Amino acid sequence: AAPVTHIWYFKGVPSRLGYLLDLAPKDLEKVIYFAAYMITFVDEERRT
Amino acid sequence: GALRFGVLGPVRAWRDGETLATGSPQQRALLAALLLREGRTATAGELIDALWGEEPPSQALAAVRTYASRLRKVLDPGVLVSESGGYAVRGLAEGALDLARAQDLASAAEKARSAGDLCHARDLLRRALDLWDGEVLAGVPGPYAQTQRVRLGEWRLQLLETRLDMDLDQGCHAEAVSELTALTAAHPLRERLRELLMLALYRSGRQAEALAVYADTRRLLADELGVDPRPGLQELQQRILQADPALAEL
Amino acid sequence: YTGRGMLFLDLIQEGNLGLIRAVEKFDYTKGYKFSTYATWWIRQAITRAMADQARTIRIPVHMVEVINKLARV
DNA sequence: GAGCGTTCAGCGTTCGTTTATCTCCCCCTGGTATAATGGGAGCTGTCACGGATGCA
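Scoring rules and cut-offs
- Counting starts from 1 on each chain and goes along its sequence as written, which need not follow the entry numbering; residues with no coordinates are hidden.
- For this description, chains carry letters from A and ligands carry numbers from 1, given in the order in which they are written.
- Part of a larger assembly is shown; the reported values describe that part exclusively.
- Side-chain measures were taken over the full set of non-hydrogen atoms in the model, leaving aside hydrogen atoms and water.
- Residues with missing side-chain atoms are left out of burial classes, side-chain pairs and their counts.
- The secondary structure listing takes helices from DSSP runs of H or I that are at least 4 residues long and strands from runs of E that are at least 2 residues long, numbered from the N terminus.
- Atoms considered for the radius of gyration are the C-alpha atoms alone. The globule rule reads 2.2 Å times the number of residues to the power 0.38.
- Each residue is placed in one exposure class: buried if its accessible area under a 1.4 Å probe, protein chains only, is under 20% of its type's maximum, exposed if it is over 50%, and partly exposed if it falls in between.
- Whether two residues are in contact is decided by their heavy atoms, any of which lying within 4.5 Å being enough.
- Methods summary: accessible areas were calculated by the Shrake-Rupley approach with a probe of 1.4 Å, and residue burial reflects only the protein chains presented.
- Each polar contact in these results corresponds to two N or O atoms within 3.5 Å; when the atoms are within protein, one needs to be able to donate a hydrogen and the other to accept it, and residues that are neighboring in sequence are counted only if both atoms are side-chain atoms.
- Near is defined per residue: the residue qualifies when any heavy atom it owns lies within 4 Å of the molecule or strand.
- What is meant by a nonpolar core is a set of buried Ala, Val, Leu, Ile, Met, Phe, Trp, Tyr and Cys residues, joined one to another through side-chain atoms within 4.5 Å.
- Only centres within 6.5 Å qualify two rings of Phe, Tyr or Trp (six-membered ring in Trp) as a pair; their planes then separate them into stacked at under 30 degrees, edge-to-face at over 60, and tilted for everything else.
- Angles run from 0 to 180 degrees between N-to-C directions of axes, and those axes are lines fitted to C-alpha atoms, restricted for helices to the stretch in contact.
- Note on terminology: angles under 35 degrees are roughly parallel, angles over 145 are roughly antiparallel, angles of 65 to 115 are roughly perpendicular, and the others are oblique.
- For any pair of crossing helices, the crossing counts as left-handed if the nearer helix is rotated counterclockwise from the farther one by less than a right angle, and right-handed if it is rotated clockwise.
- Amino acids outside the nonpolar list (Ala, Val, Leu, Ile, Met, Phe, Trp, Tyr, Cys, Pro) and the charged list (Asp, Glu, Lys, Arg) are all regarded as polar, and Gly is one of them.

- As documented in the archive entry, the model was determined using cryo-EM at 3.4 Å resolution.

- The name given to chain B in the PDB entry is Regulatory protein AfsR, and the organism recorded there is Streptomyces coelicolor.

- As recorded in the PDB entry, chain A goes by DNA-directed RNA polymerase subunit beta' and comes from Streptomyces coelicolor.

Right under this line is the structure:
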């Protein structure tokens, strides 16, 4: 019903997770396990 | 009210001497298939396979249920139990089945032989053979009944061969030749019956007729199978040819 | 009801379903607190789920109530 | 022809069949009305090596 994330590709050595999104592993632990929010998108043009 | 069952001829049942209407051929097939397990439950799969084999009708299971219900109307309540989705016959007294009655007499006869009571052993075998009211499972359709006809028909012949040996051992040669001529006509390929006949003929002094028995048999087995008689028949032939006195002493 | 083949956090979530049931069937016309009404529904949801989800080979709910009854006696 | 001799015949005559009806327990679901309102709990000590990851 709700998507999940592969344990292999994140939560491992940084040659495989890779920082493909510029986020620390502590940052990732907070967002995907429902402890902190992320701003997935901003209407930066609207705001101006 | 004592139920008795007959399977050594047409499938029959009696209650207090009155003959019960065992029904259609398929019901006799079902009853025989249930009687021969001696109280062990037969699953619905085994009963379908017993009646029709590899080609059952698409609604065969409902037919089996119909036959089972009708047996409950003629048999006493509680003998035909419904268990594990199948049926079993329970609560019969010991020896209520003639097959069991025939089997019990045969086991006692072996003990009587081991105890040396050949006269009682002959009588026990005589009482046993009288239970055959013709062809076992006569007129009963289905593949399962077919296997029992051959298996139990052979067993009758095996008991028959043993009785003649005991009769011949007591010197009753002259009576045995008459019955054996009918038996060899019905069972021409059974070499053991011809072995007993030739020995009986010699002890009845009919050596020339005994040798005549060898000549047709040797030709007949050559004609149908191309085979010589077994060594046991050959040695017995030779002992007549050697005029061995040790065959005539009981 | 922890330590019976169901994880402790899993028990909370199933009981949580019982709570949302209870509020739809509760009203002020009865002169009683919500706490007394709720606990019946919480216990119902937890014990039914325990019957329906603990064992690898599923056992029907009425067989389950039979075996724990005979076990206690 | 006498008297009975074999063998189709189609016809009944219900018994043969499989196929159609119809009555019953496991199994699943819903519901209890005093008040009850944030876990137990099991750990711990090998050893070296390296590279990520934190922080003075």
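1. Notes on the overall build of chain B
Turning to step 1, where the next piece is worked out: Counting its regular elements, chain B contains ten helices and five strands.
Turning to step 2, where the next piece is worked out: Relative to the compact-globule value of 18 Å for 250 residues, chain B shows a C-alpha radius of gyration of 23 Å, a clear excess of over 25%.
Turning to step 3, where the next piece is worked out: Principal-axis analysis of the C-alpha atoms gives chain B an extent of 70 × 40 × 25 Å.
Turning to step 4, where the next piece is worked out: Every one of the 250 residues in chain B was classed for burial, and the buried ones make up 44%.
Turning to step 5, where the next piece is worked out: For chain B, long-range pairs separated by at least 24 residues make up 59% of all intrachain contacts whose partners lie at least 6 apart in sequence.
Turning to step 6, where the next piece is worked out: Of the roughly 13,200 Å² of accessible surface on chain B, a fraction of 50% belongs to carbon and sulfur atoms.

2. Things to note about the side chain of B:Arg37
Residues and elements named next belong to chain B.
Turning to step 1, where the next piece is worked out: Position of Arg37 relative to the elements: it lies in the loop between α1 (25-35) and α2 (44-52).
Turning to step 2, where the next piece is worked out: Polar side-chain contacts of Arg37 include one of 2.5 Å to the side chain of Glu46.
Turning to step 3, where the next piece is worked out: When sequence neighbours within four positions are dropped, the list of residues in contact with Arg37 reads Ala42, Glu46 and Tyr144.

3. Brief notes about unusual backbone geometry
Turning to step 1, where the next piece is worked out: In the Ramachandran plot, A:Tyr19 falls in the positive-phi region, its phi being about 55° despite a non-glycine side chain.
Turning to step 2, where the next piece is worked out: With phi around 50°, B:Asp16 is a residue other than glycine that occupies positive phi space.
Turning to step 3, where the next piece is worked out: Locating B:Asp16 in the fold gives a position in the loop between β2 (12-15) and β3 (18-20).

4. Some details on the arrangement of the chains
Turning to step 1, where the next piece is worked out: A minimum C-alpha distance of 42 Å separates chain A and chain B, which share no contact.
Turning to step 2, where the next piece is worked out: Separated in space, chain B and chain C share no contact, their closest pair of C-alpha atoms being 19 Å apart.

5. Remarks on the protein's contact with DNA strand D
Turning to step 1, where the next piece is worked out: Taken together, 34 residues form the shell around DNA strand D, and within it B:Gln59, C:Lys33, C:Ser35, C:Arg48 and C:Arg58 come nearest.
Turning to step 2, where the next piece is worked out: A breakdown of the atoms of DNA strand D within 4 Å of the protein gives sugar and phosphate a share of 55%.
Turning to step 3, where the next piece is worked out: In the model, a phosphate oxygen of DNA strand D is placed 3.3 Å from a nitrogen or oxygen of the B:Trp52 side chain.
Turning to step 4, where the next piece is worked out: In the model, a phosphate oxygen of DNA strand D is placed 3.1 Å from a nitrogen or oxygen of the B:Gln59 side chain.

6. Some details on the nonpolar core
The nonpolar side chains of a soluble globular protein tend to be buried with one another.
Residues and elements named next belong to chain B.
Turning to step 1, where the next piece is worked out: Core analysis: the largest hydrophobic core is formed by 51 residues, its most contacted members being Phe5, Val7, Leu8, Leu30, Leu34, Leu99 and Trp155.
Turning to step 2, where the next piece is worked out: Looking at this core, the elements with two or more residues in it are β1 (3-6), α1, α2, α3 (60-74), β5 (86-89), α4 (98-114), α5 (118-129) and α6 (143-169).
Turning to step 3, where the next piece is worked out: Take this core: its biggest share by element is seven residues, from α1.
Turning to step 4, where the next piece is worked out: Beyond its immediate stretch of four places on either side in the chain, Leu8 contacts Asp98, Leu99, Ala102, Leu131, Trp132, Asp133, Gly134, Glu135 and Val136.
Turning to step 5, where the next piece is worked out: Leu196, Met198, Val213 and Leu233 belong to the second largest nonpolar core, which has 22 residues in total.

7. Quick notes on the packing of aromatic side chains
All names here are of chain C.
Turning to step 1, where the next piece is worked out: Under the criterion given, the structure shown has three aromatic pairs over all chains.
Turning to step 2, where the next piece is worked out: Pairing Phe26 with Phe34 gives two aromatic rings, centres 4.7 Å apart and planes at 65°, and the pair type is edge-to-face.
Turning to step 3, where the next piece is worked out: Since its relative accessible area comes to 31%, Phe34 is described here as partly exposed.

8. Let's talk about the packing of α6(B) against helix α8 (residues 191-203) of chain B
All names here are of chain B.
Turning to step 1, where the next piece is worked out: Closest axis-to-axis distance for the α6/α8 pair is 11 Å, and the angle between their directions is 15°. Taken together, the axes of α6 and α8 are roughly parallel relative to one another. Taken as a pair, α6 and α8 cross one another with a handedness that is left-handed. Where α6 abuts α8, its residues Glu161, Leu164, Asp165 and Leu168 lie against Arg192, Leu193, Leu196, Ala200 and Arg203.
Turning to step 2, where the next piece is worked out: Here the contact of α6 with α8 is composed, by residue class, of five nonpolar, no polar and four charged.

9. Side note on α1(B)
Residues and elements named next belong to chain B.
Turning to step 1, where the next piece is worked out: In terms of burial, α1 is a largely internal element, nine of the eleven residues being buried.
Turning to step 2, where the next piece is worked out: The complete set of buried residues in α1 reads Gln26, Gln27, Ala29, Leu30, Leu31, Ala32, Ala33, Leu34 and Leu35.
Turning to step 3, where the next piece is worked out: Where the residues of α1 are buried, they touch β1, α2, α3, β4 (80-83), β5 and α6.
Turning to step 4, where the next piece is worked out: Regarding α1, its N-cap is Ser24, as a side-chain oxygen of that residue lies 3.3 Å from the backbone nitrogen of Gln26 further along.

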